[PDB]
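Notes follow the structure.
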Amino acid sequence: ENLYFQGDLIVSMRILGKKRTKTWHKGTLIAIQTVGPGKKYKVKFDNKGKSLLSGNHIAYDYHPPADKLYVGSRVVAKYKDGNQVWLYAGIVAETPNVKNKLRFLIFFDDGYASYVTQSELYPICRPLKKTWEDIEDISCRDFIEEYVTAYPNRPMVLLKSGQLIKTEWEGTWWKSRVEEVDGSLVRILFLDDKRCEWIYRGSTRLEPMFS
Ligand SMILES: c1cnc(Oc2ccc(-c3cc[nH]n3)cc2)nc1
Ligand SMILES: c1cnc(Oc2ccc(-c3cc[nH]n3)cc2)nc1
């Protein structure tokens, strides 16, 4: 059947939709379709290209209030790519507290982690029951499932600037050094390449967590 209303969604609403590039973009909800128990959402992007999307692949174009966000909430967030910024899907790992200077910790679908503000987040419209089950990468999906279900039990390595450790990259161990700590994240310098990466302190990419 063709609907005009479905829960709190209304045909003609402005919304965000997931493109095949896996980045999210502004569009208009132009149709809502049912096939038995299933729903699909037709989005016209602001370039006139159109997609028929599942409800876990559309997001509201507004910033969610803090009492609506939990550990495990499915969101779209501002993602830093060199000198460019995109909107990319993730999971809420931490809500604002004194130890994280009142920020949200996001685990992105590709395994990147970063702290963001409330003005950098958007809520996905119809998340799955198990919110991690639409993460495509098996290693990221399994890690997120274990993290969200074990919370608040969170094993982490206590690290200090200057400490020498081994860090995983492309399947092998690399000589590295702790450059900085920010809450649950550590900035690692890869010593041979002389470039840095922010990594979650409970990641198995840090040799002390692997062991
Ligand atoms: C495939 C999986 N999930 C959905 O939507 C659901 C969303 C939430 C729940 C639920 C039940 C108890 N708590 N949350 C169930 C279903 N649709 C397709
Ligand atoms: C926050 C941090 N990490 C993830 O996912 C991953 C975790 C571990 C690996 C990995 C690769 C080789 N060894 N461990 C990859 C991805 N997701 C949220």
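FYI, nothing fancy with the structure tokens labels: chains A, B, ... in order, residues from 1 per chain, ligands from 1 as they appear.
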Contacts of chain A with ligand 1 up to 12 Å, shortest pair per row, only C-alpha atoms and all ligand atoms, as a Markdown table:
| residue | atom | partner | partner_atom_place_in_ligand_line | distance |
| --- | --- | --- | --- | --- |
| A:37 | CA | ligand 1 | 18 (C) | 9.0 |
| A:38 | CA | ligand 1 | 18 (C) | 7.8 |
| A:39 | CA | ligand 1 | 17 (N) | 9.1 |
| A:40 | CA | ligand 1 | 18 (C) | 11.4 |
| A:54 | CA | ligand 1 | 18 (C) | 9.2 |
| A:55 | CA | ligand 1 | 17 (N) | 8.4 |
| A:56 | CA | ligand 1 | 17 (N) | 8.6 |
| A:72 | CA | ligand 1 | 14 (N) | 11.9 |
| A:73 | CA | ligand 1 | 8 (C) | 11.5 |
| A:74 | CA | ligand 1 | 7 (C) | 11.4 |
| A:124 | CA | ligand 1 | 7 (C) | 11.7 |
| A:125 | CA | ligand 1 | 7 (C) | 10.5 |
| A:126 | CA | ligand 1 | 5 (O) | 6.8 |
| A:127 | CA | ligand 1 | 7 (C) | 6.1 |
| A:128 | CA | ligand 1 | 3 (N) | 4.0 |
| A:129 | CA | ligand 1 | 8 (C) | 3.6 |
| A:130 | CA | ligand 1 | 3 (N) | 7.0 |
| A:131 | CA | ligand 1 | 3 (N) | 8.3 |
| A:132 | CA | ligand 1 | 2 (C) | 10.7 |
| A:133 | CA | ligand 1 | 2 (C) | 8.6 |
| A:134 | CA | ligand 1 | 2 (C) | 9.6 |
For this session: Write out as a list in words each polymer residue whose atoms come within 8 Å of stretch 15-25 of chain A, counting only C-alpha atoms; drop sequence neighbours fewer than 4 positions from it.
Result: residues 29, 43, 45, 51, 53, 57, 58, 59, 60, 61, 76, 86, 87, 88 and 89 of chain A
Show which residues sit within 8 Å of stretch 190-202 of chain A, as a short mmCIF file (atom, residue, chain, number, x, y, z; two decimals) with N, CA, C and O atoms, in the first residue's frame. Count only C-alpha atoms, and ignore same-chain residues fewer than 6 positions away.
data_model
loop_
_atom_site.label_atom_id
_atom_site.label_comp_id
_atom_site.auth_asym_id
_atom_site.auth_seq_id
_atom_site.Cartn_x
_atom_site.Cartn_y
_atom_site.Cartn_z
N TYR A 112 36.50 3.46 12.96
CA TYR A 112 37.05 4.75 13.49
C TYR A 112 36.25 5.14 14.74
O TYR A 112 35.05 4.79 14.87
N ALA A 113 36.89 5.86 15.67
CA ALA A 113 36.25 6.38 16.90
C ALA A 113 36.58 7.87 17.08
O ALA A 113 37.72 8.26 16.84
N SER A 114 35.62 8.67 17.52
CA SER A 114 35.83 10.11 17.80
C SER A 114 34.78 10.68 18.75
O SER A 114 33.61 10.22 18.74
N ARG A 154 33.83 -2.55 30.87
CA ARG A 154 34.65 -2.06 29.73
C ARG A 154 36.13 -2.20 30.03
O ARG A 154 36.76 -1.26 30.55
N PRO A 155 36.75 -3.34 29.73
CA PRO A 155 38.19 -3.48 29.94
C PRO A 155 38.90 -2.50 28.98
O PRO A 155 38.52 -2.43 27.79
N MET A 156 39.90 -1.80 29.52
CA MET A 156 40.71 -0.77 28.82
C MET A 156 42.14 -0.83 29.36
O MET A 156 42.32 -1.16 30.54
N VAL A 157 43.11 -0.48 28.52
CA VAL A 157 44.53 -0.37 28.97
C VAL A 157 44.78 1.07 29.42
O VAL A 157 44.36 2.03 28.71
N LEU A 158 45.38 1.21 30.60
CA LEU A 158 45.79 2.52 31.13
C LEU A 158 47.14 2.87 30.49
O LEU A 158 48.10 2.09 30.63
N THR A 167 51.20 -1.77 18.07
CA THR A 167 49.85 -1.47 17.55
C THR A 167 49.64 -2.22 16.21
O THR A 167 50.54 -2.22 15.34
N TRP A 174 53.18 -3.26 14.82
CA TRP A 174 54.12 -2.14 14.50
C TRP A 174 54.65 -1.50 15.77
O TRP A 174 53.88 -1.31 16.75
N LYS A 175 55.91 -1.13 15.78
CA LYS A 175 56.49 -0.34 16.88
C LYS A 175 55.80 1.04 16.89
O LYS A 175 55.67 1.69 15.79
N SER A 176 55.30 1.44 18.07
CA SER A 176 54.50 2.68 18.20
C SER A 176 54.71 3.31 19.58
O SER A 176 55.31 2.68 20.49
N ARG A 177 54.24 4.55 19.72
CA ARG A 177 54.39 5.32 20.97
C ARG A 177 53.08 6.06 21.23
O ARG A 177 52.48 6.60 20.26
N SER A 184 38.55 8.03 26.70
CA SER A 184 38.65 6.60 26.32
C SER A 184 39.45 6.41 25.03
O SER A 184 39.51 5.27 24.59
N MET A 209 45.78 -5.16 25.01
CA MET A 209 44.36 -5.61 25.03
C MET A 209 44.26 -6.96 24.32
O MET A 209 43.49 -7.81 24.77
#
Exercise. Residues at most 9 Å from residue A:119, counting only C-alpha atoms, excluding those fewer than 6 positions away in the same chain, as a ChimeraX atom specification?
Worked result: /A:62-64
Problem set entry | Filtered DSSP result for stretch 3-211 of chain A, state strand (DSSP E or B), as a PyMOL selection string | chain A and resi 3+5-6+9-10+14-18+24-35+38-45+50-53+58-60+74-81+84-94+104-108+113-116+121-124+164-169+172-182+185-190+195-200+206
Problem set entry | Environment of ligand 2 within 8 Å, counting only C-alpha atoms and all ligand atoms, reported as a PyMOL selection string | chain A and resi 107-113+139-144+168-171+199-200+202-205+210
For this session: Could you tell me which of A:12, A:118, A:172, A:211 comes closest to residue A:67 if we count only C-alpha atoms?
Result: A:118
Exercise. What is the atom CA of residue A:68-atom CA of residue A:95 distance in Å, reported with one decimal?
Worked result: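 Straight-line distance from atom CA of residue A:68 to atom CA of residue A:95 works out to 10.7 Å.
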